[PDB]
Amino acid sequence: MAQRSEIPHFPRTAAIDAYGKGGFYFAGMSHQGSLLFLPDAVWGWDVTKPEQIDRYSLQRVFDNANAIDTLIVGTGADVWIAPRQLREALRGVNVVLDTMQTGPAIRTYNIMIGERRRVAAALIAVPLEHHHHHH
């Protein structure tokens, strides 16, 4: 419960800094895994690696999709293209889905965040441990 109070959440931030080792190191402490840059605040996503991005994993995304006009998906180090059905389904929610690498995504986010303010960024950190398994 921390020190009798919740830790400060960054409510709508346009400044992303230090990407790489540790994930997204900005403001105080390293932020790794997957981050949901929402108009409300920068919240944490419960997805660890690519392909885990399923319709059920997008729970909190659809939940707040009313405030989401543009959805930037940062697949980290490699380009994972969202399946046609998933992409088309998001289109049906009127959500402009774009898949990009985190770097250019950071720039594009910084641009559109001031433009429309209706942009949400789902950025996943690079798998520096190269662990994706194999069968």
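No value in this document is a laboratory result; all are computed from the given coordinates. Note that we place each Cβ from the backbone using ideal geometry, even for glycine, and neighbour counts take in every protein chain shown.
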Only one of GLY28, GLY22 that is touching a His at 6+ places or on another chain (Cβ under 9 Å), within 28 Å of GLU129 (Cα to Cα) and exposed (fewer than 15 other Cβ atoms within 10 Å of the Cβ): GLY22
Top-ranked residue in the range 119-130 [being surrounded by fewer than 15 Cβ atoms within 10 Å (Cβ to Cβ) and in contact (Cβ under 8 Å) with a residue 60 or more places away in the chain; ranked as farthest from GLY33 (Cα to Cα)]: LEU128
Residue, nearest to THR48 (Cα to Cα), within the range 1-19, restricted to residues that are within 15 Å of the chain's Cα centre (by Cα) and surrounded by 11 or more Cβ atoms within 10 Å (Cβ to Cβ): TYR19
So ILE68, is it closer than 25 Å to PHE26 by Cβ, of a type outside the set (S, T, N, Q), in contact with a helix residue (DSSP H, G or I) (Cβ under 6 Å, 6 or more places away or on another chain) and touching a residue at least 40 places away in the same chain (Cβ under 8 Å): no
Output for the range 74-98, where each listed residue is under 22 Å from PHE24 (Cβ atoms), of a type in the set (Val, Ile, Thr) and surrounded by 16 or more Cβ atoms within 10 Å (Cβ to Cβ): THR75
Residue list for the range 44-73, filter: surrounded by 15 or more Cβ atoms within 10 Å (Cβ to Cβ), under 20 Å from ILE7 (Cβ atoms) and under 11 Å from the mean Cα position of the chain (by Cα): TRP45
Which listed residue is within 14 Å of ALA125 (Cα to Cα), of a type in the set (A, V, I, L, M), without any contact (Cβ under 8 Å) to a residue 40 or more places away in the chain and in a loop (DSSP other than H, G, I, E, B), from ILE7, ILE53, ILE16: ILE53
Members of the range 19-40 found to be touching a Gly at 6+ places or on another chain (Cβ under 8 Å) and either aromatic (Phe, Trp, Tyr) or closer than 20 Å to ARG107 by Cβ (or both), listed by number: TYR19, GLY23, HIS31, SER34, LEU35, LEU36
